[PDB]
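For the sequence shown, the positions run -3 to 65, 69 to 239 when the authors' numbering is used. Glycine residues also receive a C-beta, built at the ideal position from the N, C-alpha and C atoms. Working notes for the structure below.
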Amino acid sequence: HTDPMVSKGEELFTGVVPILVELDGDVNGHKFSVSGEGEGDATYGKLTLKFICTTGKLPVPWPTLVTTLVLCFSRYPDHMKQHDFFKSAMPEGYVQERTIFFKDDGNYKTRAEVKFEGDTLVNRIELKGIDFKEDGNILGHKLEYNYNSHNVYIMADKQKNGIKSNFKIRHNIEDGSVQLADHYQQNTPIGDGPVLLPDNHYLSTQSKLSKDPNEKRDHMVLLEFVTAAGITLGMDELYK
């Protein structure tokens, strides 16, 4: 690429990159840990990850953890690569913080560091959840094991030299309803190096959730794709 800052970030994501995810969680005092392993191919926006609850039964539904459990693997098309904050922060990485408000239920607060340790991309997360209903849709495990595709607007946060985003997820309830999960996110670089501050744009995501037939632990197999879009005034003019 013409931009050596783009080149630097992209060089770290060429090919297939191994991923480690670590989550320590406490929801209403229900403590748990999650480990995940797999690989990402940013050229395709493609994640293949297998997560295990290493402490026993997961006390919340797996779909409620998808957003928490690596946006540096998003596909940014060439015309947008100068807008890829997530890769530009590497290898030192970024902090990803969220609050996720489940309507008429509790909230998750998450803090994670996403960085390289050698050739492995690590996502190390702490999650705290409070004010849940012990018999509600989350602690009562009333959600379908699936994840609806959706689109999310990414905005520069110039003052924190990072990005912010807020977006709604709707988890399907077994009874046919939906449980809203209202996400507030912010990302800021680790360390004092430079980053690419993006124009506002969108990420589109789809996720397939499955089970490993040979796995006896509580677990989730995730096939996730994330693709960036927008910044199209110039590109669209090429075809008029």
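- Taken through DSSP and simplified to helix, strand or coil, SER148 comes out as coil.
- Apart from the 5 residues on each side of it in sequence, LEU195 sits with its Cβ closer than 7 Å to the Cβ of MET1, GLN81, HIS82, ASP83, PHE84, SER87 in its chain, given in chain order.
- Sequence-distant partners of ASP211 (beyond 5 residues in either direction) whose C-beta falls short of 6 Å from its own C-beta, in its chain, are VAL220.
- Collapsing the DSSP output to three states places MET154 in a strand.
- As a beta-bridge residue in DSSP terms, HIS200 pairs with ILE153.
- Secondary structure at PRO0: helix, using DSSP grouped into helix, strand and coil.
- DSSP places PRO14 in the strand class (E or B) of the three-state scheme.
- The continuous alpha helix (DSSP H) containing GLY233 extends over residues 232 to 236.
- Taken through DSSP and simplified to helix, strand or coil, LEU120 comes out as strand.
- Only exposed fits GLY190, as fewer than 16 other CB atoms lie within 10 angstroms of its CB.
- Residue state for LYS210 is assigned as coil, using DSSP reduced to three classes.
- Residue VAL12 holds the alpha-carbon nearest to the alpha-carbon of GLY34 among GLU91, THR109, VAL12.
- A contact is defined here as three or more CB-CB pairs under 8 Å, and the region 157 to 165 fails this definition with respect to the region 133 to 142.
- Residue pairing for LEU138: DSSP places it in no beta bridge.
- Per DSSP, the unbroken beta strand (DSSP E) holding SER29 starts and ends at 26 to 37.
- Take the alpha-carbon of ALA38 and the one of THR226: they are about 9 Å apart.
- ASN145 and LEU61 have their C-alpha atoms some 12 Å from each other.
- For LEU202 and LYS53, the gap between their C-alpha atoms comes out near 32 Å.
- Contact between the region 173 to 193 and the region 9 to 28 is absent, with fewer than three C-beta pairs closer than 8 Å.
- With a contact defined as Cβ atoms closer than 8 Å, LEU43 and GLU223 qualify at about 4 Å.
- With distances taken between CA atoms, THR63 lies nearest to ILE124 out of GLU6, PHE9, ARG74, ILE124.
- Assignment of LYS132 by DSSP, reduced to helix, strand and coil, places it in the coil class.
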